[PDB]
Engineer: 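First the structure, which I've put down as structure tokens, then a few questions once you've had a look.
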Amino acid sequence: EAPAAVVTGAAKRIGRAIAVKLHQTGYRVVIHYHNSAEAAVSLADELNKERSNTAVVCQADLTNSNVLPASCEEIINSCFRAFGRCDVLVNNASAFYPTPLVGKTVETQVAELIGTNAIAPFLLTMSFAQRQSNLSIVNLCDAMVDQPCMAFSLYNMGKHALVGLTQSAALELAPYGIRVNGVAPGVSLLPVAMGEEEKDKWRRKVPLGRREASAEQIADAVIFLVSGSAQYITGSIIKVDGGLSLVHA
Amino acid sequence: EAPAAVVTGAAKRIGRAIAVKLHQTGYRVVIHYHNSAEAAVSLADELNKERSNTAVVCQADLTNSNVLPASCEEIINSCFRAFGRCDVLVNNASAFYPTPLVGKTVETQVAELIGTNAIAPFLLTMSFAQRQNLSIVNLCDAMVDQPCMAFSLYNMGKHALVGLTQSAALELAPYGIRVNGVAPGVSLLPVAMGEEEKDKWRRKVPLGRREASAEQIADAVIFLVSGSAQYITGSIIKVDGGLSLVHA
Amino acid sequence: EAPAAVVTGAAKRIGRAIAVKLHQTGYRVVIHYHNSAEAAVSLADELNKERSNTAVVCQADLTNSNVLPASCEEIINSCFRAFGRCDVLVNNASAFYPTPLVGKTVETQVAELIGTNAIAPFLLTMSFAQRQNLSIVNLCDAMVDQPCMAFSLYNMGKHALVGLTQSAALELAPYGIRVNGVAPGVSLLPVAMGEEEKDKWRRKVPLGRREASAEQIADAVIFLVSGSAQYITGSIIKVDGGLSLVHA
Amino acid sequence: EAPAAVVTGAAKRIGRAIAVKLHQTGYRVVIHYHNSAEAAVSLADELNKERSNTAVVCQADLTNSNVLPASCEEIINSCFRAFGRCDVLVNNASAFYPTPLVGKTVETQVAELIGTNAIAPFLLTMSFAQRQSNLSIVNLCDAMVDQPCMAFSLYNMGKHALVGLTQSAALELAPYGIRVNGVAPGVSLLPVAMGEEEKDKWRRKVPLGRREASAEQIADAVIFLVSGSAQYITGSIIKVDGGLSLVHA
Ligand SMILES: NC(=O)c1ccc[n+]([C@@H]2O[C@H](COP(=O)([O-])OP(=O)(O)OC[C@H]3O[C@@H](n4cnc5c(N)ncnc54)[C@H](OP(=O)(O)O)[C@@H]3O)[C@@H](O)[C@H]2O)c1
Ligand SMILES: NC(=O)c1ccc[n+]([C@@H]2O[C@H](COP(=O)([O-])OP(=O)(O)OC[C@H]3O[C@@H](n4cnc5c(N)ncnc54)[C@H](OP(=O)(O)O)[C@@H]3O)[C@@H](O)[C@H]2O)c1
Ligand SMILES: NC(=O)c1ccc[n+]([C@@H]2O[C@H](COP(=O)([O-])OP(=O)(O)OC[C@H]3O[C@@H](n4cnc5c(N)ncnc54)[C@H](OP(=O)(O)O)[C@@H]3O)[C@@H](O)[C@H]2O)c1
Ligand SMILES: NC(=O)c1ccc[n+]([C@@H]2O[C@H](COP(=O)([O-])OP(=O)(O)OC[C@H]3O[C@@H](n4cnc5c(N)ncnc54)[C@H](OP(=O)(O)O)[C@@H]3O)[C@@H](O)[C@H]2O)c1
Ligand SMILES: Nc1nc2[nH]cc(CCc3ccccc3)c2c(=O)[nH]1
Ligand SMILES: Nc1nc2[nH]cc(CCc3ccccc3)c2c(=O)[nH]1
Ligand SMILES: Nc1nc2[nH]cc(CCc3ccccc3)c2c(=O)[nH]1
């Protein structure tokens, strides 16, 4: 019987690449999405045509609120309903936008940036563990946490809290045989609204190849961490940044 | 005239010591409190006896909610109202208790632990910078990489505080605002904790097999706000007696 | 065409497991040794039984001295003489004994601990890169920030090795050479160590309450040299089962 | 009885400013130098003029060799000889030059960069503690240690090893009442050999003030760590870099 994985924000980009690669490893996947309904349905269709009844979709908003604990519990329950088990959780969904210290209200920004990056992963970790072999959780972090982008405090705080969770959950869930790890990209798939000249500026900063990581290169590290080649690894953050975090100003 | 300082959770323990020591150095102080009104007033009385009209109190819940941004804005305004200036912000207030992954609802635990430790300091930082030797000092934790068992949300809150310290230091540097952290290991142990558990933590400490007094924590805060630290920003000073260096 | 790998201290324990797994993956291997001649030769015969002329041995002392650069140049050259190429360098050889701050002379301790853990890896890296999916893997230590009592020089050697990993990754990236690290917590425990002391360390480990097999360490090395890690440089992968996260 | 301090590389720049401030704090100082004989003697004069019998000089090469343990033993002995006590050790002396992986022999480069930045500090710490209130050691580290200069491997390795010494010695010497800390400058007094356009390039990188640290601002952090306001601080490294280490590439 095939193991099952939950991947958050899996409709497109890096989340999709992780969902695809986990499926290619033989996982049945729950494809979580928020707004991207068509891309999520289309991804599940491509994976179900490869192997029938191996991909389902699951809609949930991961913004912080008093109903968020129930939304996260349902995401996890949707895996057990469709596949009868949950072996892997991948915390990939993330809001990303500036919040300068000097549109959306601040309480909305806080709820989205901390909710998606830290609080939902915490509640998803709770539910994953409480619903319970090679069990593992993989958190999508940020290799640039110590060298943050200007005016991204709430986003930076969220990813720092995610490092804390990864270490805290690794310690506490180790007796239960659940490994908690992280993957930290530098520059991978750049924002869609980012101009090409701004893209190349960041590409030129990368020592290894002067380019960004492909989504597949991120998914490769996720797949290593969930495999039997990493059975002793827990509380480890693997940066996949091509040397970006090593370059001085 | 004299510089003014905002200290959150300043009625007792580490906050009180920071407030006293800032006052002794010549600062006028806002003593923020949530539940400890009497203690806050009695501290203010003691400081006002020393120098008239140099200490005020301020009440605010720092739990995460829809009204939190306004509460943080009024704490900062309270400093400008009393003293006409705000030079130092000390983010000391902090909820601390366990949250097992496997009583208070989880949404309330999130609101208090992430609220007091990370979100309130974020909102106070915003208000501090917006209203302008200016410095902010965040009360971190030296055991962030070696967390207490079942203290996930608290650990998440303190990790986020490190992130705020670094981000704020970067963004506020052009404005002349320095942002630093002080990370206690074991200082004044929780009032609830038992003597047995207290002495266990004390023997772990390489330096003197004792805990830090609150004023040893305050000494590091006093250094960071002074002219001796004019070039220091984005730094976190451990005050743990070597505790974080000890293996399992 | 089959790639080639140099593994230092490959006669026994972790280095042997790394040598075996690299060979099983399709690498031709230089098995470096210092004193363990019989074990190194025994491994080479084992591997050459599997595939003919795919393993050679290389004797060198990796203590710091004026002949160390020449020795490291010869180790790298032996891989080219045997196999016509050098694709992978694994710095595994390591001296490990206490050096109290308050037998060997101190200058021998400095030469041995800093030589094997830091200086030889630097000199091997120089010779590796100068001779050119190229990668280097350095054997670090997950407990580098929570060090064993009275192991100063060893801790210094391992800290310096983290420095080399980061510096070489930055500098050799234009050449397409990746430089990474594997950091074990508790793996294969010392040979003469009593099971009672062994169990004290095993009990410290959150994951499974046991030490890492040499094969589990080798697994992270195999991943870092593979095509699944072609964007990974300057990274240090902990294989410690959550040990570095446990407070005193 | 006024306390006594050893400052290595104390004839010029940061080391000199540390020696001066310590003297102003009431310490009697040993001025260690290697080649700056005129500057060291001149400094001892100035300090002895202000307060008689408070300053001596001590010449020593801190390059790694078999005689280095003896040289370090002698530097400490020189403090006990002049002042009858030794309360503070400041490890400031340091060689700083590129060692690309692809003018001196490599063996000489290894000996100077690892010797001065790591090994001599280790042997001085050993000799200091062997001869033993508020006793403390301050190691001059580097804020840019995880974001190193290109082609500075051996220097960077030496500074990394110095962080490890600071933490190891703090742990080990704690039962003896000896605190061991570090100060990590980012951009401070820029090297003499550097061009003025390079200097401005580095100055522009600094978030706080767009300038470098004066030697005195570095000395202020050293003075704090040796004082009674830091008697619970051990194994801590204080960055004095004006936020430089927080700036991404
Ligand atoms: N891309 C990079 O260069 C880079 C660099 C460093 C770290 N990372 C990390 O790696 C991961 C993947 O990166 P990425 O660039 O692929 O991320 P992304 O495209 O910016 O976001 C991934 C998904 O998150 C979901 N999401 C956003 N807000 C949500 C909300 N409020 N509730 C529920 N879902 C929400 C979105 O799903 P829907 O489209 O369905 O709404 C989105 O597709 C992220 O966690 C990121 O932080 C990426
Ligand atoms: N104590 C230690 O050994 C230690 C160790 C590591 C880190 N630290 C850090 O150092 C700082 C001070 O330590 P401490 O032990 O003195 O802290 P504490 O006693 O646990 O809390 C300090 C104050 O925070 C306020 N507070 C708590 N919850 C609040 C809420 N929901 N809204 C508004 N205010 C709230 C309280 O004020 P009211 O009484 O008025 O309600 C309390 O007096 C903290 O940030 C802590 O994380 C301390
Ligand atoms: N085992 C663990 O629990 C653990 C924990 C943390 C880190 N590590 C790291 O992982 C790596 C391997 O661990 P291990 O326990 O297997 O190592 P180890 O047995 O202690 O040493 C490995 C080899 O190093 C060689 N060596 C020692 N001194 C040498 C010298 N002066 N010149 C040349 N070679 C010398 C020896 O080769 P010969 O036999 O031929 O003399 C020895 O077999 C090491 O780098 C270690 O620091 C291991
Ligand atoms: N300046 C900065 O921007 C900066 C940045 C980061 C870290 N730091 C650290 O802060 C400390 C002070 O910096 P600095 O710029 O003042 O250093 P520096 O001027 O480059 O060197 C300090 C002293 O070290 C001595 N020295 C050099 N090689 C020696 C050897 N082989 N044996 C014995 N002594 C030797 C020299 O003494 P003599 O003149 O008598 O020969 C020199 O005066 C250093 O440890 C440095 O690594 C400085
Ligand atoms: N969720 C999310 N989180 C993120 N963290 C970092 C990124 C993109 C990396 C980047 C950051 C700043 C400028 C150019 C490229 C990113 C993203 O695109 N989405
Ligand atoms: N807010 C707050 N935050 C805190 N962090 C740590 C403490 C108490 C000291 C301590 C630290 C680590 C383990 C046990 C006890 C503490 C506290 O008493 N209040
Ligand atoms: N070279 C070498 N380096 C090492 N670092 C750490 C170890 C063994 C792990 C250990 C360290 C201290 C006490 C018990 C077990 C070890 C070893 O066995 N060999």
Side-chain angles (χ1 to χ4, degrees), chain A residues 9 13-14 92-97 116-117 140 142-144 149 152 155 159 185-192 194 198-199 201-202 212, chain B residues 247, chain C residues 9 13-14 92-98 116-117 139 141-143 148-149 151 154 158 184-191 193 197-198 200-201 211, chain D residues 8-18 31-37 39-40 59-64 71 91-97 111-113 115-117 120-121 139-145 155 158-159 162 183-192 202 212-213 215 218 240-241 248:
Chain A
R13 285 160 71 86
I14 290 162
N92 168 82
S94 163
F96 175 76
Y97 55 79
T116 55
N117 292 305
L140 271 285
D142 198 310
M144 300 308 287
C149 274
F152 280 82
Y155 168 81
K159 289 298 183 180
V187 295
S188 181
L189 292 173
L190 296 138
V192 294
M194 196 193 209
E198 214 194 331
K199 285 202 193 78
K201 188 189 82 183
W202 283 92
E212 70 270 42
Chain B
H247 64 73
Chain C
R13 291 156 66 82
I14 285 164
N92 175 83
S94 170
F96 175 78
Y97 51 83
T116 60
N117 293 300
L139 269 293
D141 195 332
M143 302 307 295
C148 273
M149 184 65 72
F151 280 82
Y154 168 81
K158 290 304 187 185
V186 170
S187 179
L188 291 186
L189 290 149
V191 58
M193 206 197 216
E197 198 183 343
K198 283 205 186 89
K200 291 198 187 77
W201 286 99
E211 75 277 29
Chain D
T8 69
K12 290 176 177 179
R13 290 153 66 81
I14 295 168
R16 190 194 198 274
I18 293 167
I31 303 154
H32 163 267
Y33 65 98
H34 177 218
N35 296 324
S36 293
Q59 198 281 328
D61 185 357
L62 294 177
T63 307
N64 193 42
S71 298
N91 285 299
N92 175 95
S94 169
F96 177 79
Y97 54 83
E112 289 181 356
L113 293 153
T116 55
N117 291 293
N139 294 326
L140 272 285
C141 304
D142 196 319
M144 298 310 285
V145 76
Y155 167 79
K159 289 299 179 182
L162 190 50
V183 170
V187 166
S188 181
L189 272 167
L190 294 144
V192 183
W202 280 96
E212 81 277 66
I218 311 299
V240 192
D241 73 346
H248 61 78

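Reminder, nothing fancy here: chain letters follow the sequence lines and each chain counts from 1. We use all heavy atoms of the structure for the numbers below, so side chains are in, but hydrogens, waters and symmetry mates are not. Counting starts at 1 for both ligands and their atoms, following the listed order.
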Engineer: Applying a 4.0 Å heavy-atom criterion (strictly less than), which segment of D/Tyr155 is in contact with ligand 4: side chain, backbone, both, or neither?
Structural biologist: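 Just the side chain.
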Engineer: Against ligand 4, does D/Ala60 come closer than 4.0 Å with any heavy atom?
Structural biologist: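 True for this residue.
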Engineer: Could you tell me, atom by atom, which parts of ligand 4 come under 4.0 Å of a heavy atom of D/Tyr33?
Structural biologist: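 Atoms satisfying the 4.0 Å criterion: 40 (O).
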Engineer: So, for D/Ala213 and D/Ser188, which heavy atoms are closest and what is the spacing to 0.1 Å?
Structural biologist: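 Minimum heavy-atom separation between D/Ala213 and D/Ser188: O-OG, 3.0 Å.
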Engineer: List ligand 4 atoms under 4.0 Å from D/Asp61, heavy atoms only on the residue side.
Structural biologist: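 This gives 30 (C), 31 (N), 32 (N) as the contact atoms.
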Engineer: Return yes if some donor-acceptor pair links the side-chain N/O of D/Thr116 with the main-chain N/O of D/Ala95 below 3.5 Å, else return no.
Structural biologist: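 Yes, the answer is positive, given that a donor and an acceptor are paired below the 3.5 Å cut-off.
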Engineer: Could you check whether any side-chain N or O of C/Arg13 sits under 3.5 Å from a backbone N or O of C/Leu189, counting only pairs where one atom can act as donor and the other as acceptor?
Structural biologist: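 Checking the backbone N and O of C/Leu189 against the side chain of C/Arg13, a donor-acceptor pair under 3.5 Å is found.
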Engineer: Can D/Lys159 be said to touch ligand 4, with heavy atoms closer than 4.0 Å?
Structural biologist: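 Right, D/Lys159 reaches ligand 4.
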Engineer: What distance separates A/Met194 CE from A/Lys201 NZ, expressed to the nearest 0.5 Å?
Structural biologist: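 So the gap between those two atoms works out to 6.5 Å.
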Engineer: Quick one: closest heavy-atom pair of D/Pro185 and D/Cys141, and the distance?
Structural biologist: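 D/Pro185 and D/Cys141 have their closest heavy atoms at CD-O, 3.4 Å.
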Engineer: For the pair C/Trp201 and B/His247, name the ring-plane relationship: parallel under 30°, tilted 30 to 60°, perpendicular over 60°.
Structural biologist: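 Taking B/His247 first and then C/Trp201, their aromatic rings sit tilted (interplane angle of 30° to 60°).
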Engineer: Quick one: which ligand 4 atoms are inside 4.0 Å of a heavy atom on D/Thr63?
Structural biologist: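 Near D/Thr63, meaning under 4.0 Å from one of its heavy atoms, ligand 4 has 31 (N).
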Engineer: Under 4.0 angstrom from ligand 4, any heavy atom of D/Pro185?
Structural biologist: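 Distance cut 4.0 Å: D/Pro185 passes for ligand 4.
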Engineer: Return yes when D/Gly115 approaches ligand 4 closer than 4.0 angstrom through a heavy atom, no otherwise.
Structural biologist: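 No heavy atom of D/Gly115 comes that close to ligand 4.
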Engineer: Go ahead and list the nitrogen or oxygen contacts between ligand 7 and the protein that come in under 3.5 Å, distances to 0.1 Å, or just say none.
Structural biologist:
unit_1: ligand 7; atom_1: 1 (N); unit_2: C/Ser94; atom_2: O; d: 3.1
unit_1: ligand 7; atom_1: 1 (N); unit_2: C/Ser94; atom_2: OG; d: 2.9
unit_1: ligand 7; atom_1: 3 (N); unit_2: C/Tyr154; atom_2: OH; d: 3.4
unit_1: ligand 7; atom_1: 5 (N); unit_2: C/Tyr154; atom_2: OH; d: 2.7
unit_1: ligand 7; atom_1: 18 (O); unit_2: C/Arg13; atom_2: NH2; d: 3.2

Engineer: Side chain of A/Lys159, backbone of A/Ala143: donor and acceptor closer than 3.5 Å?
Structural biologist: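 Such a contact is absent between A/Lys159 side chain and A/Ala143 backbone.
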Engineer: Tell me the closest heavy-atom pair linking A/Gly9 and A/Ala93, and the distance in Å.
Structural biologist: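 The answer is N-CB, 3.7 Å.
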Engineer: Without swapping roles, check the side chain of C/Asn117 against the backbone of C/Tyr154 for a donor-acceptor pair under 3.5 Å.
Structural biologist: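 Pair absent, no side-chain N/O of C/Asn117 close to backbone of C/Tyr154.
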Engineer: Looking at atom 7 (C) of ligand 4, would you say a protein heavy atom lies below 4.0 Å from it?
Structural biologist: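 There is a protein heavy atom less than 4.0 Å from atom 7 (C) of ligand 4.
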Engineer: Identify the protein heavy atom lying closest to atom 23 (C) of ligand 4, giving its residue, its atom name and the separation to 0.1 Å.
Structural biologist: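 The answer is D/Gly9 CA, 3.9 Å.
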Engineer: Counting only heavy atoms closer than 4.0 Å, does ligand 4 sit against the backbone of D/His34, its side chain, both, or neither?
Structural biologist: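 Near ligand 4, D/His34 shows its backbone as well as its side chain.
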Engineer: With side chains defined as the heavy atoms from C-beta onward, is the minimum distance between A/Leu140 and A/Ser94 less than 4.5 Å?
Structural biologist: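 When only atoms from C-beta onward are counted, A/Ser94 and A/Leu140 do not touch, as no gap falls below 4.5 Å.
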Engineer: Under 4.0 Å from atom 17 (O) of ligand 4, is there at least one protein heavy atom?
Structural biologist: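 Looking at atom 17 (O) of ligand 4, one finds that no protein heavy atom lies closer than 4.0 Å.
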Engineer: Quick test of your reading of the structure: of D/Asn91, D/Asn35, D/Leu62, D/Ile31, whose heavy atom lies closest to atom 33 (C) of ligand 4?
Structural biologist: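 Checking each option, the heavy atom nearest atom 33 (C) of ligand 4 is found in D/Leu62.
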Engineer: Atom 30 (C) of ligand 4: which of D/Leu190, D/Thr116, D/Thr8 has the nearest heavy atom?
Structural biologist: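 Comparing heavy atoms across D/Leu190, D/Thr116, D/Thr8, the nearest one to atom 30 (C) of ligand 4 lies in D/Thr116.
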Engineer: Pairs of nitrogen or oxygen atoms closer than 3.5 Å, one from D/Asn117 and one from ligand 4: do any exist?
Structural biologist: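 No; every N/O pair is 3.5 Å or more apart.
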Engineer: Mark up the atoms of ligand 4 that fall under 4.0 Å of a heavy atom belonging to D/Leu140, in ascending order.
Structural biologist: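 Ligand 4 atoms under the 4.0 Å threshold to D/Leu140: 10 (O), 11 (C), 45 (O).
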Engineer: If you look at every heavy atom in C/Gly185 and C/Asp141, which pair is closest and at what distance?
Structural biologist: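 So the minimum-distance heavy-atom pair works out to O-OD1, 4.5 Å.
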Engineer: So which protein heavy atom does atom 19 (O) of ligand 4 come closest to, and at what separation?
Structural biologist: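 Ranking protein heavy atoms by distance from atom 19 (O) of ligand 4, first comes D/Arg13 NE, 2.9 Å.
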Engineer: Touching ligand 4 at all, D/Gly186? Heavy atoms, strictly under 4.0 Å?
Structural biologist: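 Right, D/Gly186 reaches ligand 4.
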Engineer: Is there a protein heavy atom at a distance of less than 4.0 Å from atom 42 (C) of ligand 4?
Structural biologist: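 Not a single protein heavy atom is under 4.0 Å away.
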Engineer: Pick, from D/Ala111, D/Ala95, D/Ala93, D/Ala184, the option with the minimum heavy-atom distance to atom 28 (N) of ligand 4.
Structural biologist: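 Considering heavy atoms of D/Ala111, D/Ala95, D/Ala93, D/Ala184, the nearest to atom 28 (N) of ligand 4 sits in D/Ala95.
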Engineer: Do the side chains of D/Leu62 and D/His32 get nearer than 4.5 Å, heavy atoms only?
Structural biologist: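 Of all side-chain heavy-atom pairs linking D/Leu62 with D/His32, at least one is under 4.5 Å.
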Engineer: Looking only at protein heavy atoms, which one is nearest to atom 9 (C) of ligand 4, and what is the separation?
Structural biologist: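 Nearest protein contact, heavy atoms only, for atom 9 (C) of ligand 4 is D/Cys141 O, 3.7 Å.
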Engineer: How long is the straight-line distance from CG of D/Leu162 back to CG of D/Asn139, given to the nearest 0.5 Å?
Structural biologist: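 These two atoms lie 4.5 Å from each other.
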Engineer: If you round to the nearest 0.5 Å, how far is CD1 of D/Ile31 from OG1 of D/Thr8?
Structural biologist: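 Separation between the atoms: 12.5 Å.
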Engineer: List ligand 4 atoms under 4.0 Å from D/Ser188, heavy atoms only on the residue side.
Structural biologist: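 Per the distance check, 1 (N), 2 (C), 3 (O).
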Engineer: Calculate, to the nearest 0.5 Å, the distance between atoms CG and CZ belonging to D/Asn92 and D/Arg16 respectively.
Structural biologist: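 So the gap between those two atoms works out to 13.0 Å.
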Engineer: For D/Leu189, is at least one N or O under 3.5 Å away from an N or O on ligand 4?
Structural biologist: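 Yes; at least one N/O pair falls below 3.5 Å.
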Engineer: Nearest to atom 48 (C) of ligand 4, what protein heavy atom do you find, and at what distance?
Structural biologist: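 Heavy-atom neighbour on the protein nearest atom 48 (C) of ligand 4: D/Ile14 CD1, 4.1 Å.
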Engineer: Please list the nearest protein heavy atom to atom 45 (O) of ligand 4 with its residue and the distance rounded to 0.1 Å.
Structural biologist: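 Checking every protein heavy atom, the shortest distance to atom 45 (O) of ligand 4 gives D/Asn92 O, 2.8 Å.
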Engineer: My understanding is that we take every heavy atom of each candidate and find the minimum distance to atom 24 (O) of ligand 4. Doing that for D/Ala37, D/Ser94, D/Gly15, D/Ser36, which one comes out nearest?
Structural biologist: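 Selected option, by shortest heavy-atom distance: D/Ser94.
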Engineer: Can you name the nearest heavy-atom pair linking A/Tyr97 to A/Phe152, along with the distance?
Structural biologist: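 That would be C-CE2, 3.4 Å.
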Engineer: Could you measure the distance from the CG atom of D/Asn35 to the NZ atom of D/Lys12? Nearest 0.5 Å is fine.
Structural biologist: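 If we round to the nearest 0.5 Å, D/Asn35:CG and D/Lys12:NZ are 9.0 Å apart.
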Engineer: Identify, by atom number and element, the atoms of ligand 4 in contact range of D/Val187, meaning under 4.0 Å from any of its heavy atoms.
Structural biologist: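 Answer, ordered by atom number: 3 (O).
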